[PDB]
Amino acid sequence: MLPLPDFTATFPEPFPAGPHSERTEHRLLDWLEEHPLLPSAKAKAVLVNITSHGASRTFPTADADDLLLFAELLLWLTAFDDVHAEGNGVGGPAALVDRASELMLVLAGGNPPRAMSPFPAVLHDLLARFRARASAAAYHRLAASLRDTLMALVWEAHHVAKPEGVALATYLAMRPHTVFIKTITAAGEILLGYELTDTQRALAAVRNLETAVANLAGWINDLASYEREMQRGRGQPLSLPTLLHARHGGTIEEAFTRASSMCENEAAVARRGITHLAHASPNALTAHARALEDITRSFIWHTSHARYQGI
């Protein structure tokens, strides 16, 4: 009974999915057999399913092998967040810092000490396969996005106990890093075989679209996962409706109406940006517009998945 955003004018259903969803879903389960990252087998089944099926919507052009690589990086990242960063209440922020520092050493290169967690070694392998596939600058972009996300997960872990201690503007700036949108995009430039010049990245039209997509991804995730987060023992989660409710007073229903309004407007900005940037002739600016459209559609798709709700 919480009002939700309506994207029928901006991103209507259905969202095209590529062919290799079931193959990816099986190859992911075999991969996770040599490399267990998730305690429960049910947890593994839900996360493998939304990852493979969501990845088919994210990069429908696909290429079963490239899709599996991205699906492996995204599941590794989501599992790391779900295990350590979100966690449950053991070791606190400091344990996540230790786990994030091990990953930073992997990203820096150069034979760090072996870790007891499996996450560093899987990351080492995934970065290796991406380095082979990408341009030097493109791999640097992927590695930077992961470094930035690790700092933002550390930041979040220090504020979940008192969400009301966070200013709304700080949350809006940090949330694109905890929703993984920059890793997904940087992985897309590699796997779709394109790349922007640094002058293109500075274009107002490119920046404004990337911001709107980042905002939309974080905010719909926030709305989609709120009710589930309440059902835990802890209080209100660190997310958009919680901060709007704190800012404006009133009720959670009104916070959701405001948040749903913010999402619809962001979706309209994003649609306009996709349309502007797809008329451009520099060609790299197209494809990028289309990649961001598919990324956005996938994010809207996966809010109906059981990871966020029930039945």
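When you see a residue number, it is the position in the sequence shown, counting from 1.
Engineer: Mind pulling up the entry and telling me whether 285 to 293 or 299 to 307 has the higher mean Cα temperature factor?
Structural biologist: Between 285 to 293 and 299 to 307, it is 285 to 293.
Engineer: Give the stretch, out of 22 to 30 and 261 to 269, with the larger mean C-alpha temperature factor in the deposited entry.
Structural biologist: For C-alpha atoms only, the mean B-factor is higher in 22 to 30.
Engineer: Among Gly235, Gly218, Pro163, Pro120, where is the Cα temperature factor highest, going by the PDB entry?
Structural biologist: Highest C-alpha B-factor among the listed residues goes to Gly235.
Engineer: From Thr211, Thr183, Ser225, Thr199, which pick has the Cα B-factor that tops the rest in the entry?
Structural biologist: Comparing C-alpha B-factors across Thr211, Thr183, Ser225, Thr199, the maximum falls on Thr199.
Engineer: Using the B-factor values recorded in the entry, state whether the Cα atom of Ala62 falls in the lowest, middle or highest third among the modelled residues of its chain.
Structural biologist: Highest third - that is where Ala62 ends up once the chain's C-alpha B-factors are sorted.
Engineer: Using the temperature factors of the C-alpha atoms in this entry, rank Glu86 within its chain: lowest, middle or highest third.
Structural biologist: As the PDB entry reports it, the C-alpha B-factor of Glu86 lands in the highest third of its chain.
Engineer: Sort the modelled residues of this chain by their C-alpha B factor and say whether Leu47 lands in the lowest, middle or highest third.
Structural biologist: Its C-alpha B-factor belongs to the middle third of this chain's values.
Engineer: When the deposited Cα B-factors of this chain's modelled residues are ordered and cut into thirds, is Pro93 in the lowest, the middle or the highest one?
Structural biologist: Bottom third by C-alpha B-factor.
Engineer: Name the third of the chain's ranked CA B-factors that contains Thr275, choosing lowest, middle or highest.
Structural biologist: Its C-alpha B-factor belongs to the highest third of this chain's values.
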